[PDB]
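Since every read-out is calculated from the coordinates, none of them should be taken as a lab result. Neighbour counts are summed over all protein chains in view; Cβ atoms, including those assigned to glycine, are modelled from backbone coordinates with ideal geometry.
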Amino acid sequence: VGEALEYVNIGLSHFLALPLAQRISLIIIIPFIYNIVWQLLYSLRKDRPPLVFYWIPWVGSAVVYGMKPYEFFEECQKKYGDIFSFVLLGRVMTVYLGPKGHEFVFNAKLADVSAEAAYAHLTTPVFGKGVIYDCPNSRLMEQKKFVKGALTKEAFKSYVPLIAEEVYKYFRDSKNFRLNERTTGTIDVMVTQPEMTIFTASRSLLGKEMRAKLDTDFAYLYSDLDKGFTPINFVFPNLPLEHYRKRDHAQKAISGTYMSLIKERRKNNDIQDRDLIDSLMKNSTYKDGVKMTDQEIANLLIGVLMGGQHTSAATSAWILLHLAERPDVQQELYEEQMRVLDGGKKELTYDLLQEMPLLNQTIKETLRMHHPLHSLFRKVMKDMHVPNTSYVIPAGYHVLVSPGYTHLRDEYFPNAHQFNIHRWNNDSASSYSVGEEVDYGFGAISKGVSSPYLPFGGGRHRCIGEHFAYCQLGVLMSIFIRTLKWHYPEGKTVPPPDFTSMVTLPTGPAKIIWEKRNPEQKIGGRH
Ligand SMILES: CC[C@@H]([C@H](C)O)n1ncn(-c2ccc(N3CCN(c4ccc(OC[C@@H]5CO[C@@](Cn6cncn6)(c6ccc(F)cc6F)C5)cc4)CC3)cc2)c1=O
Ligand code: HEM
Ligand SMILES: CCCCCCCCCCCCO[C@@H]1O[C@H](CO)[C@@H](O[C@H]2O[C@H](CO)[C@@H](O)[C@H](O)[C@H]2O)[C@H](O)[C@H]1O
């Protein structure tokens, strides 16, 4: 026995004396073996969801999850049911699929899970300090209340002619169109739609000055910041490379530009109700009396604009891509436009937009088939018991909810991979609570989150951009439809999504051919 412990020490001594070829080998062999041995032992636990088996330690199932997460989820669901875990670049992700998973994650108690712990490294290096996920949840709650204050029906009534003007200016001036000189052409929708999205969102949310900045070489800083918004930040939020230096420079340069305008407005008492900058200047005091700083206001503007940027641009790209092979839908949308707008002799308004159910259904169905965020995360902060099961999700795990997966299940949407706006006949609203409501600090929202359709999430982290997105996408598509027909180049079809980008944007290049419905039509104004 004691003789055995001497040979332990002797063996530790011969271990250290191995050739570095074998020391390195054992430094790879041993973690690999322990990994398999640990999973086998882990698979015995009754109080843990099944864990997806994986060969490479730390890396885990990262590759297949990034490649095709919904296909990854469907196979895991067939072997294990609706709750299962997998490891992901160092973390254990516990997936809860379906409406009860929406309920488990979106309505989790604030003490149990943390969104800022999952997201802060993704967003803080892009947006700046102090806001969104670089702050306590109750600060986020009031930030959402401040922003929502500029997102009112009356705000939407004035945004509509502004967004319309921007769309027409883009048809007139952009290289991709020039409708006054060309009656047909080919565009890449991942080129045109990010540009149309930033032009229209700038003009309406940021205001006339910040929109004017985009006609200068200042627009290059927006490109730099936009490039810093990448899921690489989940792993490498700060690397001493040039990518990160352009991003950081841009955040300072852009937030400096907003602080410049904010300070000029306050210095001149020029604070109105024009844009979200005005609104946050008048309404950014937290409930404990602390005011947001001009730096925090500008970082919140960056965040709101940048999140809205990627979700909205991806969605209008998909709308265009689904309609390019559906000339029947384009025709039906065109007729609705002629009826609602008296043949075009009525100007588009926010209220008339609400009388365009097929247009809004087309947005709604695109968001069904293309949730821009396939996976939403929380870090588990206290152990969580999974109701009706033996499972306990321990602190340090992550929970993963995926309403976009349920969007594509035939159980809840018959023929789920068919694009059919008519599945929403009589139900064209962007969403609506099926019953009771609750207020986390930014307005009463649906208490239950068991709806199989959840493009905007639910609970305390629920989107507040839904009506701005519909207003923006609504004006934009109304004008596209009334102005152009479009179709695919020959043999091309809807592309598959890129599930490794920030949003589930289409795999490019994704080109459509447009044509003027009225070749002789000319867009006025000066260029
Ligand atoms: C390593 C080998 C490699 C090979 C090649 O496979 N590989 N292997 C694996 N993968 C891989 C695997 C998975 C992924 N990602 C999964 C995670 N996704 C993701 C994206 C965004 C997320 O957003 C978090 C918040 C929520 O709200 C937002 C956004 N927002 C809401 N409304 C408007 N904006 C928000 C809110 C408020 C604001 F004010 C602002 C905001 F922005 C931000 C959360 C999750 C990205 C894709 C990527 C790659 C690989 O590439
Ligand atoms: C197609 C358009 C959009 C979709 C599908 C969408 C989706 C979502 C989802 C699913 C969440 C919840 C994330 C989570 O629970 O982890 C969210 C949150 C949020 N979104 Fe959007 N969004 C869209 C557009 C916008 C726009 C246009 C804005 C701003 C103008 C915006 C601002 C926000 C904010 C401020 C939050 C709250 C983040 C939090 O509380 O953690 N979104 N959105
Ligand atoms: C006897 C018949 C007489 C008929 C009288 C008719 C009165 C009509 C009154 C219209 C009310 C709209 O008036 C005003 O609209 C603006 C929108 O630009 C709103 O402004 C709102 O959106 C803007 C733009 O994001 C934000 O900067 C602002 O913080 C927000 O509150 C005002 O909060 C609202 O007060």
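Relative to the Cα centre, the charge distribution of the chain, modelled as +1 at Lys and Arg Cβ and -1 at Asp and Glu Cβ, gives a dipole magnitude of about 700 debye. For the residue pairs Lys345/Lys522; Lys169/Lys213; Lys129/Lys246; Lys148/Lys267; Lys345/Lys516, the C-alpha atoms sit more than 21 angstrom apart in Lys148/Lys267.
Between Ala117 and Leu12, the modelled labels are 3.5 nm apart [label points 7 Å from Cα along Cα→Cβ].
Partners of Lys291 within straight-line reach, counting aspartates and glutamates whose Cα lies under 17 Å from its Cα and excluding those fewer than 8 residues away in the same chain: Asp134, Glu142, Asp278. Applying 1/(1 + (r/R0)^6) with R0 = 60 Å to the Cβ-Cβ distance of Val434 and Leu20, what FRET efficiency is obtained, to the nearest 0.05? Calculated transfer efficiency: 0.40. Computed extension gain for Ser223 through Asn268, at 0.36 nm per residue and net of the alpha carbon distance, reaches 13.1 nm.
Distance from the Cα centre of region 453-501 to that of region 376-404, in angstrom? Region 453-501 and region 376-404 have Cα centres spaced 30 Å from each other. Once you reduce region 115-184 and region 222-266 to the center of their Cα atoms, the two points are 16 Å from each other. For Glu195 and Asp328, the FRET efficiency from 1/(1 + (r/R0)^6), where r spans their Cβ atoms and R0 equals 35 Å, is about 0.75. With neighbours defined as other Cβ atoms within 10 Å of a residue's Cβ, the residues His243, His371, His398 order from fewest to most as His243, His398, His371. Taking 0.36 nm per residue of separation and subtracting the current Cα-Cα distance, fully stretching the chain between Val1 and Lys79 would add 23.4 nm.
Sorting the segments 488-495, 133-140, 345-352 by their residues' average number of neighbouring beta-carbon atoms within 10 angstrom, most packed first, yields 133-140, 345-352, 488-495.
Bridgeable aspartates and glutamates around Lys227 (alpha carbons under 13 Å apart, same-chain partners fewer than 8 residues away excluded): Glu242, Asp248.
A Förster distance of 35 Å, applied to the separation of the beta-carbon atoms of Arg178 and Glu335, puts the FRET efficiency at 0.80.
Distance between the 7 Å Cα→Cβ label points at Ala395 and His422: 5.5 nm. Straight-line cross-link reach from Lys382 at under 13 Å between alpha-carbon atoms covers these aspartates and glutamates, not counting any fewer than eight positions away in the same chain: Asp112. Potential lengthening of the chain between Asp410 and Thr493 amounts to 27.6 nm, from the contour at 0.36 nm per residue minus the alpha-carbon distance. Compute the label zone of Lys382 within region 102-121: residues whose backbone N is under 15 Å from the point 7 Å along Cα-to-Cβ. Those under the cut-off are 108-114.
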